[PDB]
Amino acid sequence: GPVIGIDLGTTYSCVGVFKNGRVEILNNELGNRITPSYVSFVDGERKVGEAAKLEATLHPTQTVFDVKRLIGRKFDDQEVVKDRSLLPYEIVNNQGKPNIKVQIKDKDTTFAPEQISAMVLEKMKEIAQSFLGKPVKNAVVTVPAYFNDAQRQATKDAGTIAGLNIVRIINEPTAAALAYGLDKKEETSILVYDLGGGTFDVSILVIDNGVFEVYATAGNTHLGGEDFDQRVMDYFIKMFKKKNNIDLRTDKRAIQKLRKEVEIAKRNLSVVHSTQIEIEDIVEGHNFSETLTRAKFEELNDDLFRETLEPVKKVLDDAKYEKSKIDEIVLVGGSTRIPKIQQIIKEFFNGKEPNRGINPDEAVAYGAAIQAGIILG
């Protein structure tokens, strides 16, 4: 049978197949190559992906996301205590482990993290199955290099619930090395800098005659593209209050519309220098119309950009590496498209150019699909 490759991400997932000698990253029913890792439980219906994410504004307690932060952990872990205080859906203690509690037709229903991840894996599986016109029973799935045996086992259990035999778990740095086709002969020391929507990871991966080993890993579980958006939102909410005496935080729908346009403005500012953020009637009778420059975008976030270097220094220290010991810097995650990020990394490595792909959000799923093709022979 076929083996598909799945990047089961914190904020999004991505599925790839290896077919007639090529990796195809598959579109979901809405024509997107990434699917928000969201599940909503509203009004008797269960939604997965973008339709679930759209429920978050009006139904925040019923809209489950970021489950990768909880999977295989214990309720009293310091990281889980912090996430319970940040997440708006209820998390309960089931025999020492965090479970998610929501309502289905008003009834309390409790899910293990792996049961929510299984629903994401199931949607990825169905995209594969319709594209291939065939049942899919087998997958390669990625995990962070820092995942322990309990986090990896709960990811495998999510696969089993979704009807997927996870034939191989590979770490995200290895998946990236496979996608960029890093030559497997002789020895190479690679820095994998992975800046996503919600999380920052950096690893030293060494490739030695086809054997991949992560020698050190560090990161920031609360640093990603969504934080850069929030810095911009905070700025424009303050400006709109100064000019119009309207605090947009008093209207959750206004906030949702602004957040969509701010996200789009950020992405544009990876290519242009100036972009317009426009919402007609952001509240009734008031239009939102502003210009954001790349220079103001960077000024609002420059402390967060520079914080990404603290994990880089830590993995170099943990591995006892000199900066020069790094042979190649590889960039993963759409947030590495930010010009200032690529500049800061270049300068930290006393001038060495980072390798970035063209589709940095799909690189991990691409590599998982390559690993699937390697296993099939």
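Residue indices: 1-based, along the sequence shown.
Averaged over their C-alpha atoms, the temperature factors of 78 to 86 and 242 to 250 are higher for 78 to 86. Stretches compared: 54 to 62, 313 to 321. Higher mean C-alpha B-factor in the entry: 313 to 321. Among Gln151, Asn165, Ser203, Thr142, the highest C-alpha B-factor in the deposited entry belongs to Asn165.
Set against one another, the Cα B-factors of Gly196, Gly133, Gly210, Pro98 in the record reach their highest point at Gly133. Per the PDB record, residue ranking by Cα B-factor puts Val17 in the middle third of the chain. Per-chain ranking of the deposited C-alpha B factor places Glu186 in the highest third. Per-chain ranking of the deposited C-alpha B factor places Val262 in the lowest third. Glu362: CA B factor lies in the lowest third for its chain, per the PDB record. In the PDB entry, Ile338 places in the lowest third of its chain by CA B-factor.
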